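What is reported rests on the model, the rules as stated and the sources as named; no laboratory read-out is quoted. All Cβ positions, even for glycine, are placed from backbone atoms using ideal geometry, and neighbour counts span all protein chains on display.
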Amino acid sequence: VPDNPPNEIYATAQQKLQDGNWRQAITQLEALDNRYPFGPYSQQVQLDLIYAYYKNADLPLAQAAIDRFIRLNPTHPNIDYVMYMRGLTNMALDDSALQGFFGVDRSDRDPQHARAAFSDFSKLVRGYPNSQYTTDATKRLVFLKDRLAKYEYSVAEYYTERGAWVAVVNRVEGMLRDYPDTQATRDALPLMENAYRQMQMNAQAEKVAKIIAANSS
Amino acid sequence: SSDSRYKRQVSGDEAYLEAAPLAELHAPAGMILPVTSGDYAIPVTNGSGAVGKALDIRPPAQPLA
Amino acid sequence: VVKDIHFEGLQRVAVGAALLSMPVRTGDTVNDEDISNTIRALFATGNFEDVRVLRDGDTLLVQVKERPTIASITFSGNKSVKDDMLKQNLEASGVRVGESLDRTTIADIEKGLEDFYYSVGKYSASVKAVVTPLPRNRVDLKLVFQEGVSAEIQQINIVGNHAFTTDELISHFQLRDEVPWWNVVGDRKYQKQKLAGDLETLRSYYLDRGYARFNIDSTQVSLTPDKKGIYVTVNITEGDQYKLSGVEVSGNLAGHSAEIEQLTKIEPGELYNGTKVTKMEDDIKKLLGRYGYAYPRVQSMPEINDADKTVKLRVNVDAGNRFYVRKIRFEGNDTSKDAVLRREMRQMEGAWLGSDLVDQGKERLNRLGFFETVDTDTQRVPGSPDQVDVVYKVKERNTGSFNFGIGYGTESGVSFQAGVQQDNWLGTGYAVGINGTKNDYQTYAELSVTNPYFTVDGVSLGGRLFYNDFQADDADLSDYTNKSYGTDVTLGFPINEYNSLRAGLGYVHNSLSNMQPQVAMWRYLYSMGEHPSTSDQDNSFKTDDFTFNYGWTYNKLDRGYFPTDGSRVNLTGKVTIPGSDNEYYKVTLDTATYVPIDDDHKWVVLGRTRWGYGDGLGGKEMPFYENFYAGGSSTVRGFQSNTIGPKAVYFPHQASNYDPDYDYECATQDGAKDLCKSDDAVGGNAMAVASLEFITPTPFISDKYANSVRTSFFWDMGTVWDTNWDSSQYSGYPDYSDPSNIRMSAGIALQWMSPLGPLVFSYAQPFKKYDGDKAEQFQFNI
Amino acid sequence: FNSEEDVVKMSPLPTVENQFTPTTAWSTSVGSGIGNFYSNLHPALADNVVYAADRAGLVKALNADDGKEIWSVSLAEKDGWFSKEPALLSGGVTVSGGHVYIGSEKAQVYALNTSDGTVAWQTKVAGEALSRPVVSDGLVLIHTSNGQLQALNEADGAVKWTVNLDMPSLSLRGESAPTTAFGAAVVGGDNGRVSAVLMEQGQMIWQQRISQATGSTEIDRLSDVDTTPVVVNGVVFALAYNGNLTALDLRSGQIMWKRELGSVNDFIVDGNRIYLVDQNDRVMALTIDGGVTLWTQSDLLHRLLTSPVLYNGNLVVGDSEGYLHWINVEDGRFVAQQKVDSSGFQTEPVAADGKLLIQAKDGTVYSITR
Amino acid sequence: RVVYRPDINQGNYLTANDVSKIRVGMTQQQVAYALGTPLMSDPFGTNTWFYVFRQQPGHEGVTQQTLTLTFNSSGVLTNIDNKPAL
């Protein structure tokens, strides 16, 4: 945390940012910003510091700084850049871990972060199908969509495993009118039929066997 | 946060391309169902550009003065 | 009229940007009204402002000089309060740090700060700042401030107090009159709202008595401007007691009269007591508790009748609604098997409402300890008349248990010994424990793994095993040649929902060879019938032991890692089977309880004890490792490994397959050679250890957290001994057959559990005289 | 811990020059026991018969003679709520001869006429007995810092003239003593609220206020003030809550005008000869002049007690620590020579019967004369 | 083979009056209030509805009061039936 002129301290912060000394890069970026909340060097400091938070994994610092910034100037050429970074911060908020690294048996945790990323990215890409990150967030979206599908599936599954049938039928209907894309869906459908057998739910089960035959690939 | 790893790949798997696109339900005659009721709506007009975690994820910088 | 309007030094706003942001511009006649307009626009900024406007002729020099930004970030001198709270007392009061900081405002704000300190009820001798204007536009104040606290100098008064002495009341209170420090349980420091409470405290009191006609009480709180005249005064206006006889009902609901009138069963002629109706009211609330009615309302209204001193009652019970539960959403399961979190949910989402059950959910959750937040918050669908969803925020806490040791020995290779017991493992709800000593002569194994859940019925299962090459050999033999191949597996089923009786299976082999000179081995041998040598260690034996394991348990643990007011059980017993290699019986008991002397529970006391007893089935006995050891543990402190118990003897053994000269002394060929009283703890077939503690977070520690630190002091009483014991051979040697060998230690125990780092400091003084006490007054656990 | 404060304390006793070295000390004590219980009570030289007591339910009429214990009575009740029902004592001290009308801080008041014997009808009023009792024209005077200001009868009492003035939430320590004149008395206040009753209904011919007190602009903790103004010639001089010189002169009724000067502790006047100590514990002289002063003082700041006295033309002031600081033919000399107690002193000194009177912070009397 | 079994039940609490109250044509909101805003519905397909009542104690007996219900698009009580206790 030195007291260099803005150009020199900003350049040192930038080179240690690219360096991977995002820890000390953040140190000197917060130095510069706490020095001056005005000037465009402070605004680019805000951009580089939210990036450096998310890079050095200061996601709480990242989200704080970035919501502060969207409160600062909610309109800018970088709005797509902002909504992008924010959906991503929700993403790493949702599934960054040691098993979040190993990647075995995941996609069923708190989707609050996932709700945030989905809203962010979907409403962004509709507010902005016009960006070089557009299809990236799009993959994030269909990705996370089927991801939360796994979430809710494992859920519903487990549920009927409890011998818990009706609330699951409902959850199904919920995701169904919600989002008919993922395979998890078609997976869930047999289970529905089985539930209908439980209480002997005849006509509807017949209906759904037909309609899965209609959809089932 | 890295052990000589984790530059152009997310922590763990990426199912971006693996994400199941619309395998539409094709309903029999009169056997239709409300086809959507949530925000899960994408402009199919998108890309094809930065697909998957292999992209220019670094913050777009901005001009100096 | 103006022709030139020039600005310099804005750094963020242009000359034209400033000239237009201000409604005054060039080409219009600037009068005094335009000057004051420029000034009030400078005021209308909100984070920066400087009043400098001059006009001599036709030119406007508006000197908008940026002495901001001053980020007075430095809080130096904090002693009881938080620098954030100081920034807050500024910002909310109107001193937020986007600031001009007029030279006047310096002292003004220092004094306002001090005034706030006093508003707390306190003093502050100084607030001084070091102004740090950094050479572009930025400043900061190195706020150096010293405190002047004065906290509790009480005098207490109430008048009107005429059915009970002031102090008898004063007792119960958060605010008390200057009692010695050894009398503290909880918290007493003043604040206006502490007062408000105390007020209520007694208000409530009265109302429970049943004297209706009090309310009246004024606000006389004696203050001397010497920081010590901190003195109380109150008035009251008491009420009238009656007798309980007379009620009337208005059941505004689906109809459950009988259950309630039987609930509301009060005999006419009872005495009036507001507590009894507090009872009956809650009784009915929860008599509905199953019925789902999410939001009823009641007013049991009393009718005090004089000339008969009677109270009629009058109730009014409008109900809520029937079926709500929609979704069961929880919050906090970062990398958690929320699936398990739902496994806690025996409930049926998507049904009607049962209060008891949602309670059960949350509270049995927190029974699983391990995570710190109550939550049964129920918000219903915005946009549908019923249909609640209860959310659950808990604050979790992590699990990690990893023992560490490198070396350390000169005659030994670098030992690789670890006790690794990760339970309900981060990826499973299921628990595992593994322990192995690999230190230059021992391949000691241990397996402990469990699944708490093969069924929704909840069955816990776990295998428990070991393969122990604990040789304890000098080189190879005459040196406790032992190979112990032992196993067991676990099952789980309690049905009282809180009471378990157990039954489990397992096996052990042990290979024995190369006897040691301790007679008790021979004693077991000969009692089994085998006659080995005595001046020689020549004998070798094996076993194959098919183990059944039945037990019992009860549990009520009111928190997790720092559980509270616990009442927990683990009973166990053993009997032999058809077709194995060993015969004996045992029975043992254990008991530890919490008792919180604090009700903020910042101070909890414990009562702990255990038991132990071993005996043999016909002709046979209980092998050795099964006997009880103690010392330096969370059973006994102040000593070394497995210290409490009797001691062992060597028989004359000068050729013990080379009884080693210069070695294995005391009836070795070299040293002593005859009968030897030898010095080594051995323990007994019967034990019991009882202690007492007191959870005591001291004020001296920064009590910012109540989760990593529990602080107490221990008492202990210790004696371990054998039952089937005689002096016929323990005549020439000490005798151990009844509880007489009392031991005791005393010492502090420090505990601060960092997520990955333990520093278990506990110094203890073993203070109870017994022979052979080989002490150790520094014990570092992990 | 909480005793780690480096505020500037008692500046020491100065040089001890006294051609008048304290020439008596008639000592006598109930030995009680006053303690830190804050009040101002005082032995009363009633016909050189000092009726003395202490904070235990004590009393004994000594005599301002070297003090011989007469009329010795205990003051408590032993039935009912407790044995001796622990009496704690902070109701002011006065008599009319034997009629020692006394209250207790237990809101319990005792018009003991030690003239008709043990006639002390107890008295349980709104607000506690806190101030020194006065009687206007045969009527007992009442300033409980209750906000409510009762009135009663001598030797019987009946609630009357019960006026309700302003109390603040803070509930500071202030009380006040009524200075009787013109068919009314002059009591002080605590919020600057100065509305003085002509006891007509209990009638304030008044609503003017001293703009100054604590409660909103809480300021330094050294402006401890005698809340009691005093009649002279139809003029009354007052001691407003915080540092305030003033003359809001009653002119057959009230004509108000503030002649301000800060730093209020306590005062005395002799026609024009106005004498006082400043709230930092320094002593000035003054005349009725809008606030033109005399007698610079800097050296006894923050002394324990600052409550003065003069008789025989020589002022006297004392702190606690039993130190006594003597004044005079006044300046050029004010110096101090004595340390007569360890209990120390904190109350009003009194000079009656050509004598002098004061209580020791514990233990009754050690009658020093010049 | 456990000697005892707990009891599990699901929503839609009904009684004899709960059922004898409503009648043909009786509209959506009418029977709703009369019985409750139910959950046993058809999302896609005709306007048909159901009331079932299930309660199961200690290995013994079963409750199944399966009430079928049918509206039309606008919603008219019509073509209704329950099989109480299966």
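Among the residues of the range C:645-693, how many are more than 22 Å from residue C:540 (Cα to Cα), crowded, with 22+ Cβ neighbours inside 10 Å and of a type in the set (S, T, N, Q)?
The number of residues fulfilling the criteria is 1.
Residue-wise test of (1) crowded, with 20+ Cβ neighbours inside 10 Å; (2) under 22 Å from residue D:233 (Cβ atoms); (3) without any contact (Cβ under 8 Å) to a residue 24 or more places away in the chain.
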{"residue": "D:290", "(1), (2), (3)": "no, yes, no"}
{"residue": "D:305", "(1), (2), (3)": "yes, no, no"}
{"residue": "D:335", "(1), (2), (3)": "no, no, no"}
{"residue": "D:338", "(1), (2), (3)": "no, no, no"}
{"residue": "D:344", "(1), (2), (3)": "no, no, no"}
{"residue": "D:357", "(1), (2), (3)": "yes, no, no"}
{"residue": "D:360", "(1), (2), (3)": "yes, no, no"}
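Regarding residue C:51, is this residue of a type in the set (A, V, I, L, M), part of a loop (DSSP other than H, G, I, E, B) and under 19 Å from residue C:21 (Cβ atoms)?
Details: of a type in the set (A, V, I, L, M): yes; part of a loop (DSSP other than H, G, I, E, B): yes; under 19 Å from residue C:21 (Cβ atoms): yes.
When the stated conditions are applied, residue C:51 passes them.
May I ask you to list the residues in the range C:199-237 that are aromatic (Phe, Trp, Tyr) and under 38 Å from the mean Cα position of the chain (by Cα)? Break it down into steps so the answer makes sense when it comes.
Of the residues in the range C:199-237, the ones aromatic (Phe, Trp, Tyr) are C:205-206, C:211, C:214, C:231.
Within the range C:199-237, C:205, C:206, C:231 qualify.
Tell me which residues, restricted to the range B:42-55, are over 23 Å from residue A:106 (Cα atoms) and more than 7 Å from chain A (Cβ to nearest Cβ). So that I can check it myself, show each step before the final result.
Quick first cut of the range B:42-55, residues over 23 Å from residue A:106 (Cα atoms) only: B:42-50, B:55.
B:44 - this is the single residue of the range B:42-55 that is over 23 Å from residue A:106 (Cα atoms) and more than 7 Å from chain A (Cβ to nearest Cβ).
List every residue pair whose Cβ atoms sit under 7 Å apart, with the two residues 6 or more apart in sequence or on different chains, where the first one lies in the range C:456-471 and is in the same structural domain as residue C:340 (by CATH) and touching a residue at least 60 places away in the same chain (Cβ under 8 Å) and the second, anywhere, is outside any strand (DSSP E or B) and not hydroxyl-bearing (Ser, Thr, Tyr).
Listed pairs, sorted by first residue: none to list.
Name the single residue, out of those in the range C:191-245 being outside any helix (DSSP H, G or I) and aromatic (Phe, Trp, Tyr), that is farthest from the other protein chains (Cβ to nearest Cβ).
Start the filter on the range C:191-245 by keeping residues that are outside any helix (DSSP H, G or I), which leaves C:191, C:210-245.
Still in the running and aromatic (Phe, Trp, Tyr): C:211, C:214, C:231, C:242.
Values: C:211: 17, C:214: 17, C:231: 8, C:242: 23 Å.
Applying the filter and picking the extreme gives C:242.
So, of the residues in the range D:229-238 that are in a loop (DSSP other than H, G, I, E, B) and out of contact with any strand residue (DSSP E or B) (no Cβ under 6 Å at 6 or more places or on another chain), which turns out to be surrounded by the fewest Cβ atoms within 10 Å (Cβ to Cβ)?
Restricting to residues being in a loop (DSSP other than H, G, I, E, B) and out of contact with any strand residue (DSSP E or B) (no Cβ under 6 Å at 6 or more places or on another chain), the top hit is D:234.
Out of D:244, D:191, D:265, D:272, which single residue is away from chain C (no Cβ under 14 Å), surrounded by 18 or more Cβ atoms within 10 Å (Cβ to Cβ) and of a type outside the set (A, V, I, L, M, F, W, C)? Write out each step before concluding.
On the way: D:191 fails: away from chain C (no Cβ under 14 Å); D:265 fails: away from chain C (no Cβ under 14 Å); D:272 fails: surrounded by 18 or more Cβ atoms within 10 Å (Cβ to Cβ).
Among D:244, D:191, D:265, D:272, only D:244 is away from chain C (no Cβ under 14 Å), surrounded by 18 or more Cβ atoms within 10 Å (Cβ to Cβ) and of a type outside the set (A, V, I, L, M, F, W, C).
If a residue has to be over 18 Å from residue A:59 (Cα atoms) and within 7 Å of chain B (Cβ to nearest Cβ) to count, how many in the range A:90-105 make the cut?
Selection size over the range A:90-105: 2.
Using the structure shown, decide if residue A:40 is surrounded by fewer than 19 Cβ atoms within 10 Å (Cβ to Cβ) and under 30 Å from the mean Cα position of the chain (by Cα).
On the way: surrounded by fewer than 19 Cβ atoms within 10 Å (Cβ to Cβ): yes; under 30 Å from the mean Cα position of the chain (by Cα): yes.
Answer is yes for this residue.
May I ask you to list the residues in the range C:355-397 that are over 30 Å from the mean Cα position of the chain (by Cα), part of a loop (DSSP other than H, G, I, E, B) and away from chain A (no Cβ under 14 Å)? Walk me through how you get there before you give the answer.
Filtering the range C:355-397 for residues over 30 Å from the mean Cα position of the chain (by Cα) gives C:380-388.
If we keep only those that are part of a loop (DSSP other than H, G, I, E, B) too, we end up with C:381-387.
The answer is C:382, C:383, C:385, C:386.
Of the residues that make up the range D:213-228, is at least one away from every other protein chain (no Cβ under 14 Å), among the hydrophobic types (A, V, I, L, M, F, W, C) and surrounded by 15 or more Cβ atoms within 10 Å (Cβ to Cβ)?
no
Just the residues that are assigned to a helix (DSSP H, G or I) and of a type in the set (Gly, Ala, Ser), please, taken from the range C:246-266. Before you say what the answer is, go through the steps one by one.
Our first condition is that a residue be assigned to a helix (DSSP H, G or I); within the range C:246-266, this holds for C:257-263.
If the condition is that a residue be assigned to a helix (DSSP H, G or I) and of a type in the set (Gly, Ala, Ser), then C:257, C:258 are the ones that fit.
Can you list the strands (runs of 3 or more DSSP E) found entirely within the range E:4-86 that contain at least 3 residues being buried (at least 16 other Cβ atoms within 10 Å of the Cβ)?
Details: elements: E:48-51, E:66-70, E:78-83.
Here the list reads E:48-51, E:66-70.
Does residue A:138 satisfy being free of Cβ contacts under 8 Å to residues at least 24 places away in the same chain and among the hydroxyl-bearing types (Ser, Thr, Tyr)?
Working: free of Cβ contacts under 8 Å to residues at least 24 places away in the same chain: yes; among the hydroxyl-bearing types (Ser, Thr, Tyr): yes.
In short, yes.
Determine which member of the set D:83, D:96, D:115 is polar (S, T, N, Q), in contact with a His (Cβ under 9 Å, 6 or more places away or on another chain) and surrounded by fewer than 20 Cβ atoms within 10 Å (Cβ to Cβ).
On the way: D:83 fails: in contact with a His (Cβ under 9 Å, 6 or more places away or on another chain); D:96 fails: in contact with a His (Cβ under 9 Å, 6 or more places away or on another chain).
Exactly one of D:83, D:96, D:115 is polar (S, T, N, Q), in contact with a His (Cβ under 9 Å, 6 or more places away or on another chain) and surrounded by fewer than 20 Cβ atoms within 10 Å (Cβ to Cβ), namely D:115.
Run residue C:18 past the list (1) touching a residue at least 40 places away in the same chain (Cβ under 8 Å); (2) farther than 29 Å from residue C:69 by Cα; (3) among the small types (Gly, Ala, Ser) and report the number of the one that doesn't hold.
Only one criterion is unmet by residue C:18, namely (2).
Each row is one residue, and each column tells you yes or no for (1) buried (at least 16 other Cβ atoms within 10 Å of the Cβ); (2) away from chain C (no Cβ under 14 Å); (3) among the acidic types (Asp, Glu); (4) over 25 Å from residue D:228 (Cα atoms).
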position: D:20; (1), (2), (3), (4): no, yes, no, yes
position: D:31; (1), (2), (3), (4): no, yes, no, yes
position: D:46; (1), (2), (3), (4): yes, yes, no, no
position: D:49; (1), (2), (3), (4): yes, yes, no, yes
position: D:71; (1), (2), (3), (4): yes, yes, no, yes
position: D:108; (1), (2), (3), (4): yes, no, no, no
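If you take the residues of the range A:56-89 that are more than 16 Å from the chain's Cα centre (by Cα) and within 9 Å of chain B (Cβ to nearest Cβ), which of them is surrounded by the fewest Cβ atoms within 10 Å (Cβ to Cβ)?
A:77
What do you reckon, is residue B:38 at the interface with chain A (Cβ under 7 Å from one of its Cβ atoms) and either more than 11 Å from the chain's Cα centre (by Cα) or over 15 Å from residue A:183 (Cβ atoms) (or both)? Please lay out each step first, then the result.
Details: at the interface with chain A (Cβ under 7 Å from one of its Cβ atoms): yes; either more than 11 Å from the chain's Cα centre (by Cα) or over 15 Å from residue A:183 (Cβ atoms) (or both): yes.
It is true that residue B:38 is at the interface with chain A (Cβ under 7 Å from one of its Cβ atoms) and either more than 11 Å from the chain's Cα centre (by Cα) or over 15 Å from residue A:183 (Cβ atoms) (or both).
Does the range A:158-177 contain any residue that is over 20 Å from residue E:11 (Cβ atoms), assigned to a loop (DSSP other than H, G, I, E, B), away from chain C (no Cβ under 13 Å) and within 24 Å of the chain's Cα centre (by Cα)?
Step one: of the range A:158-177, the residues over 20 Å from residue E:11 (Cβ atoms) are A:158, A:161, A:175-177.
Filter once more, so that each one left must be assigned to a loop (DSSP other than H, G, I, E, B): none.
Checked against the condition, which is being over 20 Å from residue E:11 (Cβ atoms), assigned to a loop (DSSP other than H, G, I, E, B), away from chain C (no Cβ under 13 Å) and within 24 Å of the chain's Cα centre (by Cα), the range A:158-177 yields no hits at all.
Step by step: first the residues of the range A:182-214, then only those that are assigned to a helix (DSSP H, G or I) and among the hydroxyl-bearing types (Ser, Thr, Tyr), then the one that is nearest to residue B:22 (Cα to Cα). Which residue is that?
Taking the range A:182-214 first, the residues assigned to a helix (DSSP H, G or I) are A:183-198, A:202-214.
From the residues that got through so far, the ones that are among the hydroxyl-bearing types (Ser, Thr, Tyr) too are A:185, A:196.
Values: A:185: 11, A:196: 27 Å.
The qualifying residue nearest to residue B:22 (Cα to Cα) is A:185.
Out of the residues in the range B:14-32 that are at the interface with chain A (Cβ under 7 Å from one of its Cβ atoms) and surrounded by 14 or more Cβ atoms within 10 Å (Cβ to Cβ), which is nearest to the chain's Cα centre (by Cα)?
Restricting to residues being at the interface with chain A (Cβ under 7 Å from one of its Cβ atoms) and surrounded by 14 or more Cβ atoms within 10 Å (Cβ to Cβ), the top hit is B:16.
From (1) within 22 Å of residue C:323 (Cα to Cα); (2) within 14 Å of chain B (Cβ to nearest Cβ), pick out the condition that doesn't hold for residue E:45.
(1)
Suppose we keep only residues that are in contact (Cβ under 8 Å) with a residue 40 or more places away in the chain and acidic (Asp, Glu) within the range D:226-280. Which one would you say is nearest to residue D:177 (Cα to Cα)?
Checking each candidate, the answer is D:226.
Restricting to the range A:137-157, name every residue that is facing another protein chain (nearest Cβ under 8 Å) and touching a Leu at 6+ places or on another chain (Cβ under 8 Å).
A:139, A:140
When the range C:157-191 is examined, which residues are found to be surrounded by 12 or more Cβ atoms within 10 Å (Cβ to Cβ) and among the charged types (D, E, K, R)?
C:167, C:176, C:177, C:188
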